[PDB]
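S.K.: Enclosed is the structure file my_file_10.cif (mmCIF, C-alpha atoms and all ligand atoms).
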```cif
data_start
#
loop_
_atom_site.group_PDB
_atom_site.id
_atom_site.type_symbol
_atom_site.label_atom_id
_atom_site.label_comp_id
_atom_site.auth_asym_id
_atom_site.auth_seq_id
_atom_site.Cartn_x
_atom_site.Cartn_y
_atom_site.Cartn_z
ATOM 1 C CA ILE O 1 -8.532 -10.440 13.141
ATOM 2 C CA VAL O 2 -10.957 -11.677 15.816
ATOM 3 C CA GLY O 3 -14.556 -10.553 15.455
ATOM 4 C CA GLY O 4 -13.942 -8.905 12.094
ATOM 5 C CA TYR O 5 -15.530 -9.345 8.662
ATOM 6 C CA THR O 6 -14.426 -10.276 5.131
ATOM 7 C CA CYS O 7 -13.145 -7.050 3.562
ATOM 8 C CA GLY O 8 -13.870 -7.889 -0.052
ATOM 9 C CA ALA O 9 -11.312 -8.502 -2.793
ATOM 10 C CA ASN O 10 -8.843 -5.626 -3.076
ATOM 11 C CA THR O 11 -10.856 -3.202 -0.935
ATOM 12 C CA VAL O 12 -7.728 -2.406 1.113
ATOM 13 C CA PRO O 13 -5.281 -1.883 -1.834
ATOM 14 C CA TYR O 14 -2.415 -0.771 0.429
ATOM 15 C CA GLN O 15 -2.470 -4.010 2.454
ATOM 16 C CA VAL O 16 0.685 -6.103 2.110
ATOM 17 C CA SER O 17 1.444 -9.698 3.070
ATOM 18 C CA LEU O 18 4.981 -10.537 4.201
ATOM 19 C CA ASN O 19 5.763 -14.041 2.983
ATOM 20 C CA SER O 20 8.577 -16.544 3.543
ATOM 21 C CA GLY O 21 6.920 -19.707 2.244
ATOM 22 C CA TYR O 22 3.845 -18.703 4.266
ATOM 23 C CA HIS O 23 2.265 -15.476 5.561
ATOM 24 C CA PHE O 24 3.879 -14.233 8.782
ATOM 25 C CA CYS O 25 3.076 -10.491 8.944
ATOM 26 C CA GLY O 26 1.243 -7.666 7.248
ATOM 27 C CA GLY O 27 2.442 -4.264 6.120
ATOM 28 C CA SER O 28 1.383 -1.086 4.367
ATOM 29 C CA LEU O 29 2.521 0.253 1.010
ATOM 30 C CA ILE O 30 3.438 3.937 1.543
ATOM 31 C CA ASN O 31 4.819 4.474 -1.965
ATOM 32 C CA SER O 32 5.693 2.386 -5.027
ATOM 33 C CA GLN O 33 8.875 1.044 -3.456
ATOM 34 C CA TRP O 34 8.462 1.273 0.322
ATOM 35 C CA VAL O 35 6.457 -0.816 2.783
ATOM 36 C CA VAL O 36 6.014 0.033 6.469
ATOM 37 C CA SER O 37 5.672 -2.836 8.949
ATOM 38 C CA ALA O 38 6.584 -3.806 12.530
ATOM 39 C CA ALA O 39 10.174 -4.274 13.717
ATOM 40 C CA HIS O 40 9.187 -7.524 15.419
ATOM 41 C CA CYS O 41 8.321 -8.902 11.972
ATOM 42 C CA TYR O 42 11.940 -8.626 10.854
ATOM 43 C CA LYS O 43 13.171 -11.700 9.036
ATOM 44 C CA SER O 44 15.567 -12.410 6.201
ATOM 45 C CA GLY O 45 14.265 -13.821 2.919
ATOM 46 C CA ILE O 46 11.147 -11.663 2.794
ATOM 47 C CA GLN O 47 8.877 -11.609 -0.253
ATOM 48 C CA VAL O 48 6.293 -8.830 -0.295
ATOM 49 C CA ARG O 49 2.920 -9.780 -1.764
ATOM 50 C CA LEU O 50 0.767 -6.907 -3.072
ATOM 51 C CA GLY O 51 -2.787 -7.086 -4.434
ATOM 52 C CA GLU O 52 -3.696 -10.016 -2.233
ATOM 53 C CA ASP O 53 -7.043 -11.321 -1.095
ATOM 54 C CA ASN O 54 -6.939 -15.107 -0.916
ATOM 55 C CA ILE O 55 -3.330 -15.686 0.099
ATOM 56 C CA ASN O 56 -3.451 -19.344 -0.932
ATOM 57 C CA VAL O 57 -4.733 -18.969 -4.522
ATOM 58 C CA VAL O 58 -3.340 -17.050 -7.510
ATOM 59 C CA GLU O 59 -6.487 -15.168 -8.628
ATOM 60 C CA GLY O 60 -4.836 -12.359 -10.553
ATOM 61 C CA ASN O 61 -3.832 -8.823 -9.515
ATOM 62 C CA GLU O 62 -0.981 -10.073 -7.307
ATOM 63 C CA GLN O 63 2.567 -8.754 -7.496
ATOM 64 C CA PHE O 64 5.396 -10.618 -5.748
ATOM 65 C CA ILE O 65 8.461 -8.508 -5.113
ATOM 66 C CA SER O 66 11.494 -9.383 -3.027
ATOM 67 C CA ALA O 67 12.585 -7.042 -0.275
ATOM 68 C CA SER O 68 15.941 -5.432 -1.110
ATOM 69 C CA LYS O 69 16.484 -4.204 2.457
ATOM 70 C CA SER O 70 14.693 -4.127 5.802
ATOM 71 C CA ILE O 71 15.395 -1.181 8.091
ATOM 72 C CA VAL O 72 14.420 -1.884 11.712
ATOM 73 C CA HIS O 73 14.196 1.272 13.811
ATOM 74 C CA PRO O 74 17.612 1.699 15.552
ATOM 75 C CA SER O 75 16.047 2.176 19.007
ATOM 76 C CA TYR O 76 13.637 -0.772 18.807
ATOM 77 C CA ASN O 77 13.425 -2.723 22.068
ATOM 78 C CA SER O 78 12.336 -6.354 21.636
ATOM 79 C CA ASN O 79 11.280 -6.594 25.278
ATOM 80 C CA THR O 80 9.116 -3.486 25.572
ATOM 81 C CA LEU O 81 8.239 -3.391 21.851
ATOM 82 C CA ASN O 82 8.908 0.342 21.946
ATOM 83 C CA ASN O 83 9.694 1.813 18.508
ATOM 84 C CA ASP O 84 8.108 -1.232 16.889
ATOM 85 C CA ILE O 85 8.510 0.019 13.326
ATOM 86 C CA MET O 86 10.369 -1.272 10.253
ATOM 87 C CA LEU O 87 10.734 0.011 6.679
ATOM 88 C CA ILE O 88 11.077 -2.384 3.736
ATOM 89 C CA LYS O 89 12.518 -1.334 0.385
ATOM 90 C CA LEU O 90 11.215 -3.282 -2.607
ATOM 91 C CA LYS O 91 13.703 -4.651 -5.127
ATOM 92 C CA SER O 92 11.545 -3.178 -7.912
ATOM 93 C CA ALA O 93 8.803 -0.554 -7.826
ATOM 94 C CA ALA O 94 5.279 -1.925 -7.516
ATOM 95 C CA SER O 95 2.859 -1.325 -10.383
ATOM 96 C CA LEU O 96 0.305 0.998 -8.806
ATOM 97 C CA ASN O 97 -3.259 0.714 -10.086
ATOM 98 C CA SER O 98 -6.815 0.239 -8.806
ATOM 99 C CA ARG O 99 -6.049 -2.835 -6.672
ATOM 100 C CA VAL O 100 -2.536 -1.885 -5.534
ATOM 101 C CA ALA O 101 -2.230 1.638 -4.115
ATOM 102 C CA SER O 102 -0.253 3.391 -1.397
ATOM 103 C CA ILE O 103 -1.592 4.844 1.866
ATOM 104 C CA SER O 104 -0.894 8.378 3.138
ATOM 105 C CA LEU O 105 1.231 9.149 6.188
ATOM 106 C CA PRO O 106 -0.425 11.332 8.853
ATOM 107 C CA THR O 107 0.338 15.041 9.180
ATOM 108 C CA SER O 108 -0.964 14.990 12.752
ATOM 109 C CA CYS O 109 -1.823 12.422 15.404
ATOM 110 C CA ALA O 110 -5.342 11.047 15.702
ATOM 111 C CA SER O 111 -7.415 11.637 18.826
ATOM 112 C CA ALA O 112 -9.281 9.269 21.114
ATOM 113 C CA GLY O 113 -12.581 8.180 19.596
ATOM 114 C CA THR O 114 -11.412 8.183 15.975
ATOM 115 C CA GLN O 115 -12.720 5.138 14.122
ATOM 116 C CA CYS O 116 -10.033 3.287 12.175
ATOM 117 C CA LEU O 117 -9.893 0.236 9.912
ATOM 118 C CA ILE O 118 -7.518 -2.560 10.915
ATOM 119 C CA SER O 119 -6.899 -5.496 8.567
ATOM 120 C CA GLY O 120 -4.893 -8.671 8.137
ATOM 121 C CA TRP O 121 -4.683 -12.437 7.672
ATOM 122 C CA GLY O 122 -3.929 -13.217 11.302
ATOM 123 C CA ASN O 123 -5.564 -15.610 13.740
ATOM 124 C CA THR O 124 -9.350 -15.273 14.002
ATOM 125 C CA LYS O 125 -9.932 -17.102 17.299
ATOM 126 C CA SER O 126 -9.474 -15.791 20.855
ATOM 127 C CA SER O 127 -9.157 -19.301 22.250
ATOM 128 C CA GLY O 128 -7.365 -21.374 19.639
ATOM 129 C CA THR O 129 -5.924 -20.971 16.156
ATOM 130 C CA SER O 130 -7.751 -20.393 12.878
ATOM 131 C CA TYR O 131 -6.210 -18.588 9.922
ATOM 132 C CA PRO O 132 -8.346 -17.191 7.065
ATOM 133 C CA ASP O 133 -7.683 -17.464 3.332
ATOM 134 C CA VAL O 134 -9.070 -14.018 2.617
ATOM 135 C CA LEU O 135 -8.416 -10.628 4.205
ATOM 136 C CA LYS O 136 -10.382 -9.749 7.342
ATOM 137 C CA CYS O 137 -11.293 -6.216 8.404
ATOM 138 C CA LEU O 138 -12.220 -4.644 11.724
ATOM 139 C CA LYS O 139 -13.364 -1.129 12.524
ATOM 140 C CA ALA O 140 -12.202 0.003 15.948
ATOM 141 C CA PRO O 141 -11.829 3.330 17.747
ATOM 142 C CA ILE O 142 -8.643 4.705 19.302
ATOM 143 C CA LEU O 143 -8.992 4.630 23.098
ATOM 144 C CA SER O 144 -8.020 7.353 25.571
ATOM 145 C CA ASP O 145 -4.483 7.348 26.943
ATOM 146 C CA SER O 146 -5.877 7.046 30.468
ATOM 147 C CA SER O 147 -7.811 3.897 29.591
ATOM 148 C CA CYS O 148 -4.869 2.482 27.618
ATOM 149 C CA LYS O 149 -2.557 2.949 30.615
ATOM 150 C CA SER O 150 -5.108 1.568 33.085
ATOM 151 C CA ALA O 151 -5.249 -1.591 30.949
ATOM 152 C CA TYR O 152 -1.459 -1.967 30.625
ATOM 153 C CA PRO O 153 0.193 -0.273 33.638
ATOM 154 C CA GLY O 154 3.825 0.640 32.992
ATOM 155 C CA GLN O 155 3.905 -0.872 29.499
ATOM 156 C CA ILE O 156 2.532 1.969 27.376
ATOM 157 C CA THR O 157 5.117 4.395 26.018
ATOM 158 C CA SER O 158 4.439 7.608 24.091
ATOM 159 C CA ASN O 159 4.990 5.683 20.843
ATOM 160 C CA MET O 160 1.969 3.446 21.365
ATOM 161 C CA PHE O 161 -1.799 3.800 21.487
ATOM 162 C CA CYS O 162 -4.650 1.449 22.277
ATOM 163 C CA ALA O 163 -7.497 0.655 19.920
ATOM 164 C CA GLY O 164 -10.331 -1.810 20.132
ATOM 165 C CA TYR O 165 -13.043 -2.856 22.538
ATOM 166 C CA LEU O 166 -12.698 -3.296 26.285
ATOM 167 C CA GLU O 167 -15.612 -5.742 26.248
ATOM 168 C CA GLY O 168 -13.405 -8.064 24.211
ATOM 169 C CA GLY O 169 -14.406 -10.222 21.262
ATOM 170 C CA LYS O 170 -12.979 -7.851 18.624
ATOM 171 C CA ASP O 171 -9.237 -7.315 18.200
ATOM 172 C CA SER O 172 -6.162 -7.852 16.011
ATOM 173 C CA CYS O 173 -4.194 -11.038 16.701
ATOM 174 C CA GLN O 174 -1.062 -13.022 15.759
ATOM 175 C CA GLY O 175 -0.346 -12.842 12.037
ATOM 176 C CA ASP O 176 -1.833 -9.350 11.900
ATOM 177 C CA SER O 177 1.374 -7.784 13.206
ATOM 178 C CA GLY O 178 2.852 -5.109 10.963
ATOM 179 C CA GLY O 179 -0.539 -4.503 9.373
ATOM 180 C CA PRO O 180 -2.273 -1.115 8.940
ATOM 181 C CA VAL O 181 -4.494 0.927 11.225
ATOM 182 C CA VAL O 182 -6.029 3.529 8.916
ATOM 183 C CA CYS O 183 -7.996 6.495 10.242
ATOM 184 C CA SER O 184 -9.484 9.028 7.827
ATOM 185 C CA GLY O 185 -7.344 7.780 4.956
ATOM 186 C CA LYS O 186 -4.122 8.160 6.954
ATOM 187 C CA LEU O 187 -1.899 5.406 8.363
ATOM 188 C CA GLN O 188 -2.011 6.142 12.102
ATOM 189 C CA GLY O 189 -0.887 2.833 13.531
ATOM 190 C CA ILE O 190 0.873 -0.466 12.971
ATOM 191 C CA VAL O 191 -0.400 -3.662 14.611
ATOM 192 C CA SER O 192 2.155 -4.297 17.368
ATOM 193 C CA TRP O 193 1.031 -6.241 20.449
ATOM 194 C CA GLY O 194 -1.620 -7.002 23.025
ATOM 195 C CA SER O 195 -2.231 -9.398 25.905
ATOM 196 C CA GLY O 196 -3.724 -12.401 24.136
ATOM 197 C CA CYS O 197 -6.407 -11.606 21.568
ATOM 198 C CA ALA O 198 -9.831 -10.074 22.054
ATOM 199 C CA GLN O 199 -9.568 -10.495 25.838
ATOM 200 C CA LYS O 200 -11.775 -8.467 28.216
ATOM 201 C CA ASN O 201 -10.108 -5.173 29.206
ATOM 202 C CA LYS O 202 -7.006 -5.965 27.122
ATOM 203 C CA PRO O 203 -7.186 -3.907 23.904
ATOM 204 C CA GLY O 204 -4.631 -3.982 21.116
ATOM 205 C CA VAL O 205 -1.576 -1.731 21.329
ATOM 206 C CA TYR O 206 -0.352 -0.138 18.127
ATOM 207 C CA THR O 207 2.747 1.790 17.119
ATOM 208 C CA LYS O 208 1.977 5.512 16.966
ATOM 209 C CA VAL O 209 3.076 6.294 13.386
ATOM 210 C CA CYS O 210 2.625 10.090 13.685
ATOM 211 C CA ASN O 211 5.719 10.104 15.939
ATOM 212 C CA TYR O 212 7.805 8.613 13.109
ATOM 213 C CA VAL O 213 6.862 10.641 10.022
ATOM 214 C CA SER O 214 10.133 12.596 9.998
ATOM 215 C CA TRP O 215 12.178 9.448 10.610
ATOM 216 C CA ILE O 216 10.425 7.577 7.795
ATOM 217 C CA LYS O 217 10.895 10.457 5.361
ATOM 218 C CA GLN O 218 14.557 11.025 6.251
ATOM 219 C CA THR O 219 15.343 7.308 6.143
ATOM 220 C CA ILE O 220 13.626 6.929 2.761
ATOM 221 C CA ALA O 221 15.363 10.030 1.390
ATOM 222 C CA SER O 222 18.737 8.562 2.329
ATOM 223 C CA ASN O 223 18.161 5.054 0.950
HETATM 224 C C1 LIG O 301 7.448 -12.010 18.672
HETATM 225 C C2 LIG O 301 6.856 -10.737 19.235
HETATM 226 O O1 LIG O 301 7.616 -9.782 19.302
HETATM 227 N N1 LIG O 301 5.556 -10.653 19.664
HETATM 228 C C3 LIG O 301 4.997 -9.365 20.074
HETATM 229 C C4 LIG O 301 3.525 -9.191 19.651
HETATM 230 N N2 LIG O 301 2.876 -10.446 20.005
HETATM 231 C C5 LIG O 301 1.683 -10.399 20.659
HETATM 232 O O2 LIG O 301 1.222 -9.339 21.062
HETATM 233 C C6 LIG O 301 0.821 -11.613 20.939
HETATM 234 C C7 LIG O 301 -0.268 -11.848 19.843
HETATM 235 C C8 LIG O 301 -0.795 -10.542 19.225
HETATM 236 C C9 LIG O 301 -0.207 -10.032 18.058
HETATM 237 C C10 LIG O 301 -0.679 -8.842 17.489
HETATM 238 C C11 LIG O 301 -1.761 -8.158 18.071
HETATM 239 C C12 LIG O 301 -2.369 -8.668 19.237
HETATM 240 C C13 LIG O 301 -3.540 -7.947 19.880
HETATM 241 N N3 LIG O 301 -4.040 -8.410 21.004
HETATM 242 N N4 LIG O 301 -4.038 -6.883 19.302
HETATM 243 C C14 LIG O 301 -1.879 -9.861 19.803
HETATM 244 N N5 LIG O 301 0.207 -11.472 22.261
HETATM 245 S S1 LIG O 301 0.920 -12.186 23.666
HETATM 246 O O3 LIG O 301 0.047 -11.955 24.783
HETATM 247 O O4 LIG O 301 1.339 -13.537 23.345
HETATM 248 C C15 LIG O 301 2.323 -11.158 23.859
HETATM 249 C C16 LIG O 301 2.164 -9.845 24.336
HETATM 250 C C17 LIG O 301 3.262 -9.002 24.509
HETATM 251 C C18 LIG O 301 4.547 -9.454 24.218
HETATM 252 C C19 LIG O 301 5.639 -8.612 24.397
HETATM 253 C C20 LIG O 301 6.922 -9.055 24.064
HETATM 254 C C21 LIG O 301 7.118 -10.371 23.615
HETATM 255 C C22 LIG O 301 6.025 -11.229 23.448
HETATM 256 C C23 LIG O 301 4.738 -10.770 23.745
HETATM 257 C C24 LIG O 301 3.615 -11.629 23.570
HETATM 258 C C25 LIG O 301 3.282 -11.627 19.244
HETATM 259 C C26 LIG O 301 4.746 -11.875 19.654
HETATM 260 CA CA CA O 302 -3.734 -14.667 -3.986
#
```
Please express what this file holds, its structure, as structure tokens.

M.R.:
Amino acid sequence: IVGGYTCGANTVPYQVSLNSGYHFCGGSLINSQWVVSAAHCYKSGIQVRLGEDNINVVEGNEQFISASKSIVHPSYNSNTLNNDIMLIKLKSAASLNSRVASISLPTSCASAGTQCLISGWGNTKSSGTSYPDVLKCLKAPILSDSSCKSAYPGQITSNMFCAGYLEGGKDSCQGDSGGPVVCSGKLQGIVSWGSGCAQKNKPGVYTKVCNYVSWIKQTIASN
């Protein structure tokens, strides 16, 4: 997260860290046994880390559970990043409490202007590489589809939305991928892509979760 702030230990209880000997992506706990992330984060040998703040120290409240299966959306395109969504089933159910809780799926799409909270352990520098120990947060509004498409001509599909600041300096970045974009207590987006990080007139593009609610539910019901 570039231009964000330290969230505070366990203030984003649904935030998940995808680990394979190091943190590579974020995710969101949608129920005791299912995590939603980005398809481009797919990797074998995934350990899901719940209740995390400092990802390098065992401080208490953590829960490490192996992923039993990772379901990448069947129509995911690695070139366009369209349908950039993946579901992860936990080997065991997570112990829900005050510091580990699930986030609600949207019942409707969010409109332009809505302020959302984006979080993660990704890169914090626009020009360079710096990874934090603790979780960073960023509040950013959803932009208009016209603006989004003016920024990324021919690359924005109906399953994506832009969020952030056109002036630059505040945006999600590498390592944040798969993480949550929560608006009004509902998971509206998943950190997907963007041209660089925090660049002028290049906001972040996120997977439009409201278009996948039925898919998620059906897929979960059948697995
Ligand atoms: C591995 C992976 O899928 N990806 C896709 C997602 N990737 C990126 O978007 C990267 C870094 C990144 C990651 C997450 C959010 C942002 C943001 N600006 N909000 C930027 N930005 S980039 O300019 O290097 C970039 C942009 C679009 C891309 C589209 C396809 C492939 C690579 C791409 C790289 C990481 C590699
Ligand atoms: Ca820790």

S.K.: How many Å lie between atom CA of residue 148 of chain O and atom CA of residue 113 of chain O, rounded to one decimal?

M.R.: 12.5 Å

S.K.: Fewer than 5 positions away in the same chain doesn't count, so skip those; otherwise give me all residues within 12 Å of residue 158 of chain O, counting all atoms listed in the file, as number ranges by chain.

M.R.: O: 81-84, 109, 145, 148-149, 205-212

S.K.: Could you write out that same residue set with C-alpha atoms as a compact mmCIF listing (two decimals), in the frame of the given file?

M.R.:
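Contents of the output file part.txt:
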```
# COMPACT_ATOMS: atom_id res chain seq x y z
CA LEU O 81 8.24 -3.39 21.85
CA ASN O 82 8.91 0.34 21.95
CA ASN O 83 9.69 1.81 18.51
CA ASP O 84 8.11 -1.23 16.89
CA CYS O 109 -1.82 12.42 15.40
CA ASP O 145 -4.48 7.35 26.94
CA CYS O 148 -4.87 2.48 27.62
CA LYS O 149 -2.56 2.95 30.62
CA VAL O 205 -1.58 -1.73 21.33
CA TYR O 206 -0.35 -0.14 18.13
CA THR O 207 2.75 1.79 17.12
CA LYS O 208 1.98 5.51 16.97
CA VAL O 209 3.08 6.29 13.39
CA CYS O 210 2.62 10.09 13.68
CA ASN O 211 5.72 10.10 15.94
CA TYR O 212 7.80 8.61 13.11
```

S.K.: What residues have any atom no more than 8 Å from ligand LIG 301 (chain O) when counting all atoms listed in the file, and can you list them as a compact mmCIF listing (two decimals) with C-alpha atoms, in the frame of the given file?

M.R.:
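As written to disk, out.txt reads:
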```
# COMPACT_ATOMS: atom_id res chain seq x y z
CA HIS O 40 9.19 -7.52 15.42
CA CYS O 41 8.32 -8.90 11.97
CA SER O 78 12.34 -6.35 21.64
CA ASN O 79 11.28 -6.59 25.28
CA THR O 80 9.12 -3.49 25.57
CA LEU O 81 8.24 -3.39 21.85
CA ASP O 171 -9.24 -7.32 18.20
CA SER O 172 -6.16 -7.85 16.01
CA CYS O 173 -4.19 -11.04 16.70
CA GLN O 174 -1.06 -13.02 15.76
CA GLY O 175 -0.35 -12.84 12.04
CA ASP O 176 -1.83 -9.35 11.90
CA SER O 177 1.37 -7.78 13.21
CA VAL O 191 -0.40 -3.66 14.61
CA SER O 192 2.15 -4.30 17.37
CA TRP O 193 1.03 -6.24 20.45
CA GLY O 194 -1.62 -7.00 23.02
CA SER O 195 -2.23 -9.40 25.90
CA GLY O 196 -3.72 -12.40 24.14
CA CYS O 197 -6.41 -11.61 21.57
CA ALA O 198 -9.83 -10.07 22.05
CA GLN O 199 -9.57 -10.50 25.84
CA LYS O 202 -7.01 -5.96 27.12
CA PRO O 203 -7.19 -3.91 23.90
CA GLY O 204 -4.63 -3.98 21.12
CA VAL O 205 -1.58 -1.73 21.33
CA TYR O 206 -0.35 -0.14 18.13
```

S.K.: Can you pull out the residues contacting residue 132 of chain O? Cut-off 9 Å, using all atoms listed in the file, and skip same-chain residues under 3 positions away; I want them as a ChimeraX atom specification.

M.R.: /O:54-55,121-124,135-136

S.K.: Using only C-alpha atoms and all ligand atoms, find each residue with an atom at most 12 Å away from ligand CA 302 (chain O) and format the answer as a ChimeraX atom specification.

M.R.: /O:9-10,16-17,19,22-23,49-64,121,133-135

S.K.: Report the distance between atom CA of residue 187 of chain O and atom CA of residue 8 of chain O in Å, rounded to one decimal place.

M.R.: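 Spanning atom CA of residue 187 of chain O to atom CA of residue 8 of chain O is a straight-line distance of 19.8 Å.
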
S.K.: From the list O:116, O:36, O:2, O:137, which residue is nearest residue 163 of chain O when using only C-alpha atoms?

M.R.: O:116

S.K.: Pick from O:70, O:119, O:184, O:44: nearest to residue 4 of chain O, with all atoms listed in the file counted?

M.R.: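 The shortest atom-to-atom distance to residue 4 of chain O comes from O:119.
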
S.K.: Which one is closest to residue 180 of chain O: O:74, O:27, O:13, O:153? Count all atoms listed in the file.

M.R.: O:27

S.K.: So how far away is atom CA of residue 125 of chain O from atom CA of residue 151 of chain O, in Å?

M.R.: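 Those two atoms sit 21.2 Å apart.
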
S.K.: Name every residue that the PyMOL selection byres (((chain O and resi 39) around 7) and not hetatm) selects in this structure, writing the answer as JSON, numbers by chain with chains first and numbers rising.

M.R.: {"O": [37, 38, 40, 41, 42, 72, 73, 84, 85, 86]}

S.K.: Which residues come within 12 Å of residue 222 of chain O, counting all atoms listed in the file, excluding same-chain residues fewer than 5 positions away, as a PyMOL selection string?

M.R.: chain O and resi 71+89+215-217

S.K.: Those residues with C-alpha atoms, as a PDB file, keeping the file's coordinate frame please?

M.R.:
```pdb
ATOM      1  CA  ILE O  71      15.395  -1.181   8.091  1.00  0.00           C
ATOM      2  CA  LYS O  89      12.518  -1.334   0.385  1.00  0.00           C
ATOM      3  CA  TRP O 215      12.178   9.448  10.610  1.00  0.00           C
ATOM      4  CA  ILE O 216      10.425   7.577   7.795  1.00  0.00           C
ATOM      5  CA  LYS O 217      10.895  10.457   5.361  1.00  0.00           C
TER       6      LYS O 217
END
```

S.K.: So that I can see what lies close to residue 34 of chain O, please list as a PDB file with C-alpha atoms, keeping the file's coordinate frame the residues with an atom at most 9 Å from it, counting only C-alpha atoms and leaving out residues fewer than 4 positions away in the same chain.

M.R.:
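Saved as selection10.pdb:
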```pdb
ATOM      1  CA  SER O  28       1.383  -1.086   4.367  1.00  0.00           C
ATOM      2  CA  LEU O  29       2.521   0.253   1.010  1.00  0.00           C
ATOM      3  CA  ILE O  30       3.438   3.937   1.543  1.00  0.00           C
ATOM      4  CA  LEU O  87      10.734   0.011   6.679  1.00  0.00           C
ATOM      5  CA  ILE O  88      11.077  -2.384   3.736  1.00  0.00           C
ATOM      6  CA  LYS O  89      12.518  -1.334   0.385  1.00  0.00           C
ATOM      7  CA  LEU O  90      11.215  -3.282  -2.607  1.00  0.00           C
ATOM      8  CA  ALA O  93       8.803  -0.554  -7.826  1.00  0.00           C
ATOM      9  CA  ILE O 220      13.626   6.929   2.761  1.00  0.00           C
TER      10      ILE O 220
END
```

S.K.: For residue 142 of chain O, find every residue with an atom within 9 Å (counting only C-alpha atoms), except residues of its own chain fewer than 4 positions away, and show them as a list in words.

M.R.: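 The residues that qualify are residues 110, 111, 112, 113, 114, 115, 116, 161, 162, 163 and 164 of chain O.
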
S.K.: Select, from O:11, O:68, O:150, O:188, the residue with the minimum atom-to-atom distance to residue 223 of chain O, counting only C-alpha atoms.

M.R.: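 Of the candidates, the smallest distance to residue 223 of chain O is held by O:68.
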
S.K.: I'd like to know which of O:48, O:183, O:213, O:166 is closest to residue 143 of chain O, using only C-alpha atoms.

M.R.: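 Closest candidate: O:166.
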
S.K.: Reconstruct N, CA and C atoms of segment 1-14 of chain O; output as a tab-separated table (two decimals), in the coordinates of the input.

M.R.:
```tsv
chain	number	residue	atom	x	y	z
O	1	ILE	N	-7.51	-11.41	12.67
O	1	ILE	CA	-8.53	-10.44	13.14
O	1	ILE	C	-9.64	-11.25	13.80
O	2	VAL	N	-9.91	-10.98	15.07
O	2	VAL	CA	-10.96	-11.68	15.82
O	2	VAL	C	-12.18	-10.77	15.81
O	3	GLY	N	-13.34	-11.34	15.50
O	3	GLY	CA	-14.56	-10.55	15.46
O	3	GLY	C	-14.66	-9.58	14.29
O	4	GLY	N	-13.88	-9.80	13.24
O	4	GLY	CA	-13.94	-8.90	12.09
O	4	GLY	C	-14.89	-9.42	11.02
O	5	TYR	N	-14.70	-8.94	9.79
O	5	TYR	CA	-15.53	-9.35	8.66
O	5	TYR	C	-14.67	-9.42	7.40
O	6	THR	N	-15.15	-10.15	6.39
O	6	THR	CA	-14.43	-10.28	5.13
O	6	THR	C	-14.44	-8.92	4.45
O	7	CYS	N	-13.26	-8.37	4.19
O	7	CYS	CA	-13.14	-7.05	3.56
O	7	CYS	C	-13.75	-6.95	2.17
O	8	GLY	N	-13.41	-7.91	1.32
O	8	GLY	CA	-13.87	-7.89	-0.05
O	8	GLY	C	-12.60	-7.75	-0.87
O	9	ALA	N	-12.50	-8.52	-1.95
O	9	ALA	CA	-11.31	-8.50	-2.79
O	9	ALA	C	-10.78	-7.12	-3.15
O	10	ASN	N	-9.53	-6.87	-2.76
O	10	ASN	CA	-8.84	-5.63	-3.08
O	10	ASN	C	-9.47	-4.33	-2.56
O	11	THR	N	-10.24	-4.41	-1.48
O	11	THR	CA	-10.86	-3.20	-0.94
O	11	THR	C	-9.89	-2.40	-0.06
O	12	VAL	N	-8.78	-3.03	0.31
O	12	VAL	CA	-7.73	-2.41	1.11
O	12	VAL	C	-6.48	-2.60	0.25
O	13	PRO	N	-6.38	-1.85	-0.86
O	13	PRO	CA	-5.28	-1.88	-1.83
O	13	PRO	C	-3.86	-1.62	-1.33
O	14	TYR	N	-3.73	-1.06	-0.13
O	14	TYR	CA	-2.42	-0.77	0.43
O	14	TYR	C	-1.95	-1.87	1.37
```
